[PDB]
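Next comes entry-v8.pdb, a file with PDB, N, CA and C atoms and all ligand atoms.
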```pdb
MODEL        1
ATOM      1  N   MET A   1      15.588  28.901  -8.087
ATOM      2  CA  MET A   1      14.811  27.881  -7.390
ATOM      3  C   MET A   1      14.890  26.554  -8.110
ATOM      4  N   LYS A   2      16.023  25.888  -7.997
ATOM      5  CA  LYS A   2      16.270  24.656  -8.745
ATOM      6  C   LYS A   2      17.379  23.844  -8.117
ATOM      7  N   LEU A   3      17.044  22.644  -7.680
ATOM      8  CA  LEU A   3      18.033  21.683  -7.201
ATOM      9  C   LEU A   3      18.568  22.080  -5.843
ATOM     10  N   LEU A   4      18.737  21.098  -4.976
ATOM     11  CA  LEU A   4      19.290  21.326  -3.644
ATOM     12  C   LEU A   4      20.099  20.135  -3.186
ATOM     13  N   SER A   5      19.524  18.954  -3.318
ATOM     14  CA  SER A   5      20.163  17.726  -2.854
ATOM     15  C   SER A   5      21.014  17.112  -3.941
ATOM     16  N   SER A   6      21.647  15.998  -3.626
ATOM     17  CA  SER A   6      22.480  15.277  -4.586
ATOM     18  C   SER A   6      21.629  14.690  -5.693
ATOM     19  N   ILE A   7      22.119  13.649  -6.352
ATOM     20  CA  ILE A   7      21.296  12.928  -7.337
ATOM     21  C   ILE A   7      21.681  11.465  -7.383
ATOM     22  N   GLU A   8      22.226  10.956  -6.294
ATOM     23  CA  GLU A   8      22.478   9.521  -6.139
ATOM     24  C   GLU A   8      22.278   9.115  -4.691
ATOM     25  N   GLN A   9      21.045   8.773  -4.371
ATOM     26  CA  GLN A   9      20.644   8.547  -2.984
ATOM     27  C   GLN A   9      21.155   7.229  -2.452
ATOM     28  N   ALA A  10      21.860   7.284  -1.337
ATOM     29  CA  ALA A  10      22.392   6.078  -0.684
ATOM     30  C   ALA A  10      23.212   6.466   0.523
ATOM     31  N   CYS A  11      22.926   6.001   1.718
ATOM     32  CA  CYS A  11      23.541   6.533   2.934
ATOM     33  C   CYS A  11      24.989   6.127   3.078
ATOM     34  N   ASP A  12      25.665   6.731   4.040
ATOM     35  CA  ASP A  12      27.076   6.443   4.286
ATOM     36  C   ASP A  12      27.273   4.973   4.589
ATOM     37  N   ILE A  13      26.383   4.426   5.398
ATOM     38  CA  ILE A  13      26.518   3.067   5.913
ATOM     39  C   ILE A  13      26.432   2.022   4.826
ATOM     40  N   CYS A  14      25.710   2.333   3.767
ATOM     41  CA  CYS A  14      25.573   1.427   2.631
ATOM     42  C   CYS A  14      26.817   1.477   1.767
ATOM     43  N   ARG A  15      27.431   2.645   1.710
ATOM     44  CA  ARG A  15      28.745   2.789   1.084
ATOM     45  C   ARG A  15      29.701   1.739   1.598
ATOM     46  N   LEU A  16      30.000   1.816   2.884
ATOM     47  CA  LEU A  16      31.074   1.066   3.528
ATOM     48  C   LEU A  16      30.774  -0.415   3.516
ATOM     49  N   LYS A  17      29.581  -0.752   3.981
ATOM     50  CA  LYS A  17      29.189  -2.144   4.181
ATOM     51  C   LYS A  17      28.865  -2.830   2.873
ATOM     52  N   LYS A  18      28.609  -2.039   1.849
ATOM     53  CA  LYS A  18      28.092  -2.569   0.589
ATOM     54  C   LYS A  18      26.753  -3.249   0.840
ATOM     55  N   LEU A  19      25.754  -2.421   1.078
ATOM     56  CA  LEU A  19      24.404  -2.850   1.426
ATOM     57  C   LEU A  19      23.401  -2.193   0.495
ATOM     58  N   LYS A  20      22.246  -2.812   0.354
ATOM     59  CA  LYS A  20      21.130  -2.215  -0.375
ATOM     60  C   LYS A  20      20.432  -1.173   0.467
ATOM     61  N   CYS A  21      19.918  -0.138  -0.172
ATOM     62  CA  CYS A  21      19.376   1.015   0.544
ATOM     63  C   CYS A  21      18.002   1.399   0.048
ATOM     64  N   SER A  22      16.980   0.695   0.491
ATOM     65  CA  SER A  22      15.592   1.093   0.267
ATOM     66  C   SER A  22      15.360   2.583   0.417
ATOM     67  N   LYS A  23      16.161   3.273   1.206
ATOM     68  CA  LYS A  23      16.181   4.731   1.295
ATOM     69  C   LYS A  23      15.154   5.292   2.248
ATOM     70  N   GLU A  24      14.490   4.461   3.026
ATOM     71  CA  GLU A  24      13.672   4.935   4.138
ATOM     72  C   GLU A  24      14.430   5.968   4.948
ATOM     73  N   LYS A  25      13.679   6.847   5.586
ATOM     74  CA  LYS A  25      14.228   8.057   6.189
ATOM     75  C   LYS A  25      13.707   8.282   7.591
ATOM     76  N   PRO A  26      14.534   8.863   8.437
ATOM     77  CA  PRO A  26      15.986   9.266   8.164
ATOM     78  C   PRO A  26      16.953   8.124   7.932
ATOM     79  N   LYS A  27      16.902   7.088   8.743
ATOM     80  CA  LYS A  27      17.769   5.918   8.603
ATOM     81  C   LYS A  27      17.028   4.806   7.897
ATOM     82  N   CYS A  28      17.698   4.133   6.981
ATOM     83  CA  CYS A  28      17.117   2.968   6.327
ATOM     84  C   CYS A  28      16.724   1.927   7.353
ATOM     85  N   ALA A  29      16.295   0.775   6.868
ATOM     86  CA  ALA A  29      16.072  -0.396   7.710
ATOM     87  C   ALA A  29      17.382  -0.844   8.333
ATOM     88  N   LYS A  30      18.433  -0.787   7.533
ATOM     89  CA  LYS A  30      19.801  -1.086   7.944
ATOM     90  C   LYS A  30      20.219  -0.451   9.256
ATOM     91  N   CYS A  31      20.405   0.859   9.224
ATOM     92  CA  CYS A  31      20.971   1.580  10.361
ATOM     93  C   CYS A  31      20.092   1.418  11.582
ATOM     94  N   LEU A  32      18.791   1.460  11.371
ATOM     95  CA  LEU A  32      17.844   1.315  12.480
ATOM     96  C   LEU A  32      18.075  -0.006  13.192
ATOM     97  N   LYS A  33      18.398  -1.018  12.409
ATOM     98  CA  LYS A  33      18.522  -2.381  12.928
ATOM     99  C   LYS A  33      19.767  -2.529  13.781
ATOM    100  N   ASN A  34      20.785  -1.765  13.442
ATOM    101  CA  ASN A  34      22.085  -1.864  14.096
ATOM    102  C   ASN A  34      22.412  -0.632  14.908
ATOM    103  N   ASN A  35      21.484   0.297  15.029
ATOM    104  CA  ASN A  35      21.776   1.591  15.649
ATOM    105  C   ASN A  35      22.999   2.216  15.017
ATOM    106  N   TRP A  36      22.797   2.864  13.887
ATOM    107  CA  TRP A  36      23.878   3.465  13.105
ATOM    108  C   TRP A  36      23.565   4.911  12.798
ATOM    109  N   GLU A  37      24.520   5.613  12.217
ATOM    110  CA  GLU A  37      24.358   7.037  11.926
ATOM    111  C   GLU A  37      24.142   7.255  10.446
ATOM    112  N   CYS A  38      23.037   6.736   9.946
ATOM    113  CA  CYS A  38      22.627   6.941   8.561
ATOM    114  C   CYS A  38      22.774   8.383   8.133
ATOM    115  N   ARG A  39      23.874   8.668   7.463
ATOM    116  CA  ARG A  39      24.095   9.966   6.833
ATOM    117  C   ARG A  39      24.270   9.871   5.334
ATOM    118  N   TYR A  40      23.180  10.060   4.607
ATOM    119  CA  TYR A  40      23.245  10.179   3.153
ATOM    120  C   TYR A  40      23.205  11.639   2.747
ATOM    121  N   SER A  41      24.129  12.408   3.301
ATOM    122  CA  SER A  41      24.359  13.795   2.907
ATOM    123  C   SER A  41      25.780  14.205   3.219
ATOM    124  N   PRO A  42      26.691  13.872   2.323
ATOM    125  CA  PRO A  42      28.199  14.104   2.424
ATOM    126  C   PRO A  42      28.616  15.447   2.976
ATOM    127  N   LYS A  43      28.625  16.462   2.135
ATOM    128  CA  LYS A  43      29.169  17.767   2.502
ATOM    129  C   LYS A  43      28.541  18.870   1.685
TER     130      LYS A  43
HETATM  131 CD    CD B 101      21.050   2.687   3.550
HETATM  132 CD    CD B 102      21.528   3.922   6.399
ENDMDL
END
```
Could you write out this file's structure as structure tokens?
Amino acid sequence: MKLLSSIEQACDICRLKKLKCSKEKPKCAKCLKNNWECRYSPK
């Protein structure tokens, strides 16, 4: 019973665009604003 998620929080959309990610959930302010697919969970 230890650890499940990653350890560097930041959605896909912030990767590509090079954006800041307050990390609001599910989608940051970013994706919500542009209707995007905020996925901060790779594979
Ligand atoms: Cd983000
Ligand atoms: Cd996002």
Test item: the PyMOL selection byres (((chain A and resi 38 and name CA) around 12) and not hetatm and name CA) resolved as a ChimeraX atom specification: /A:9-16,21,23-37,39-42
Straight-line distance linking atom N of residue A:4 with atom CA of residue A:43, stated in Å to one decimal: 13.3 Å
Test item, helix (DSSP H, G or I) assignment across chain A, answer as a VMD selection string: chain A and resid 12 to 17 29 to 34
Between atom C of residue A:6 and atom C of residue A:20, distance in Å (one decimal):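 We find that atom C of residue A:6 and atom C of residue A:20 lie 17.1 Å from each other.
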